[PDB]
Each structure stands twice: as C-alpha cells, then as structure tokens.
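Coming up is one lone chain in structure tokens, specifically the form deposited in one PDB entry.
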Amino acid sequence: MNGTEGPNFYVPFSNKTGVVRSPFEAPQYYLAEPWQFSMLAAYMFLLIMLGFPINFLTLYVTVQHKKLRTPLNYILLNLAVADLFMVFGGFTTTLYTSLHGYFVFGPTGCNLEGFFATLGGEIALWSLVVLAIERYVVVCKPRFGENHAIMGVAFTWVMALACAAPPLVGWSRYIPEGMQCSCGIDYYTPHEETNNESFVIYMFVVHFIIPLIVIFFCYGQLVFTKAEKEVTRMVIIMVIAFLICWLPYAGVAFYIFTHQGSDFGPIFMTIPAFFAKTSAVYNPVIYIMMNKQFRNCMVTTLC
C-alpha cells in the first residue's frame, strides 16, 4: 500500500517519513502547499455565490408562473431545489474545510459534504432518466402529463436516497478524497465492517450503468425510428453536460476501486472531485440558453 489508512480515512501519501496526520485533526499542508488549498476555497466560494442565486431564481420564476408546468419545467424545478441542498447542505462545509485545509467539523462534516453532493448528482441522473422516458413517449408515441412528471420527481428522490443514504448508516461510508477537502464513497479500503465492496458494485450498476442504459435506449429509439424539438434538443445537452461533469470522477473512482493501495497522489482525485461540483450550477444555465419560454419568463420576473 502506497498510502496511509486510518480508522476512517485513506490519505494518498506515504507515511514513511512520519509526517502524515489525520484529515479530521490537522491541516494537510504536508501533501499540498497552502496556496493550493486556497484555490479550492476560492473555487468553492464562486460556486456558492453563483449557485445560490441562479437556482433560487429558477425556483422562484417557475413557482410564480403557472404556464411553466410541463414535465421539463417540473424536472428543472426539482434540480433547482436539489442544487440548493448541495450548495447549503454540502458546499458550505466544502468551503470551510478548504479554508482550514482539513475537516474541522470532523466526520460529521465529511458526511455532510459527501451525502448532499452524492444526493444532488443522483437526483440529476435519475431526472435525466425521467426526461428520456418522457421524450421517448412524446416523440415515438408507442400521454406523459403533469401527474407523470410529479411522480417522476418523487421517483428521483427515492432513487437518490437509495444511493446516498446507506453510507450514512453503515453500508459503505463517506471518506475524504484527494487533498482531503471533499468526501465521497470509499473506493480505497475493503473495510468489511461496512461491506464496502458490495456497495461500490451496487452504486455503479444500479445508480450509474442502469440509468445510462435506459437513457441510451430511449435515445436509440429517437434516432433509429417545433416546440417539442426545443425540449428534445435541451435534454440532449443535459445528458452531454452530465457526462462531462461526472465521467472523469466516475472513471477515476472505478480505477481506484480496482487498484486499491496503488501509487497515486492527492491531485489524482482532487481535480475530478471538485470539477464534479459544478453539477449544482450548470443545469439552470442550459435552461436559460435553450428554453425560450423560461428565458422570457425569467426576464419578465427579473425586470
């Protein structure tokens, strides 16, 4: 093993010289210079200060205007609430942690940071499943109304909780990653007490591979068979934007899971882990650019 395993952490840095200290106890300056932890905090402050208003505005505009009740409108309203949970539930801990260079809040802070980002990202993924089914129904007509949209919204939360909640209560766990200033699923240690390996296989299959299979089946039908054109185009971009956001993190996590103990440093997971946190801001941006109706309503309300 080329890293240091503690009771509830795995530092990607050898302790042969004795300088490794727990990410729940002391700043992690032995593995990165202070100016690197500061860049993480500046990045996290930007996401909070952009993520809070753009998601709140999306929530407010949709609630005020009764014309915005299509399945897309409900799903984007759902993402806005989910994004707001990421910003205030998780990103506030990310910022405070990155300011001090360790999880001052201890494992409670790690649970907060990991759970809300895992929950929010899984809400996004299962929402794309809902939109792919809705597009496949509307376009290929083998109707999808408000009741089916609200049922999909509730469905995303149940599926997201089925992924995010178990690591809080003893099936796997949230553990610091990279420079130890963000948290994720434990791909690093076997840790039979929480049965880590069975959860990782459960997460990639049920919560990463099955949703993609559904999405690309519906897209397979759409391809291989003008208001609706606009919605379909935006969902195409939502799928692409999701894949850019999460594939680097998913790929590196799976590499670590299959190469536990191998030689990797703190930067290896840090960059994908913090890049994935743009997940809380990007979906409303696509909304404004690619929905004429919502953009007009937002300019109406804001002006």
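When you see a residue number, it is the position in the sequence shown, counting from 1.
Trainee: What number of residues from the deposited sequence go unmodelled in the gap from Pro142 to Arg143, classed as none, 1 to 3, 4 to 9, or 10 or more?
Mentor: Gap size class: 4 to 9 residues without coordinates, per the record.
Trainee: According to the entry, are there none, 1 to 3, 4 to 9, or 10 or more residues of the deposited sequence without coordinates between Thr225 and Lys226?
Mentor: In the record, 10 or more residues between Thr225 and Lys226 lack coordinates.
Trainee: According to the deposited model, is the average Cα temperature factor higher in 193 to 201 or in 87 to 95?
Mentor: Averaging CA B-factors over each stretch, the winner is 193 to 201.
Trainee: For the C-alpha atoms alone, is the average B factor greater in 63 to 71 or in 37 to 45, going by the entry?
Mentor: Taking the mean C-alpha B-factor of 37 to 45 and of 63 to 71, the larger value falls to 63 to 71.
Trainee: Among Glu146, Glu113, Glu177, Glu122, single out the one with the highest C-alpha B factor in the record, please.
Mentor: Highest C-alpha B-factor among the listed options: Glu146.
Trainee: Between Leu128, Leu76, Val158, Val214, which one tops the list for C-alpha B-factor in the PDB entry?
Mentor: Across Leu128, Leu76, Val158, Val214, the entry lists the biggest C-alpha B-factor for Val214.
Trainee: Relative to the other modelled residues of the same chain, rank the CA B-factor of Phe56 and answer lowest, middle or highest third.
Mentor: Tercile = middle for this residue's CA B-factor.
Trainee: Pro12: which third of its chain by C-alpha temperature factor?
Mentor: According to the entry, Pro12 has a C-alpha B-factor in the chain's lowest third.
Trainee: Taking the chain's C-alpha temperature factors as the reference, tell me which third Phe208 falls into: lowest, middle or highest.
Mentor: Middle third of the chain for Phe208's C-alpha B-factor.
Trainee: Among the chain's modelled residues, which third holds the C-alpha B-factor of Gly106?
Mentor: CA B-factor rank for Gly106: lowest third.
Trainee: Using the B-factors in the PDB entry, rank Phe268's C-alpha atom against the chain and give the third, lowest, middle or highest.
Mentor: Middle third, going by the recorded CA B-factors of the chain.
There is also a form deposited in another entry; it is not shown, and the following applies to it.
Trainee: In the other form, do the Cα atoms of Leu79 and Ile288 sit closer or farther apart than here, given a shift of 3 Å or more?
Mentor: Relative to the displayed form, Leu79 and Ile288 draw closer in the other form - a change of at least 3 Å between their C-alphas.
Trainee: Mind checking the CA-CA distance of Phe56 and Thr232 in the other form? It differs by 3 Å or more from this form, so is it closer or farther?
Mentor: Distance between the C-alphas of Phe56 and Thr232: longer in the other form, by 3 Å or more.
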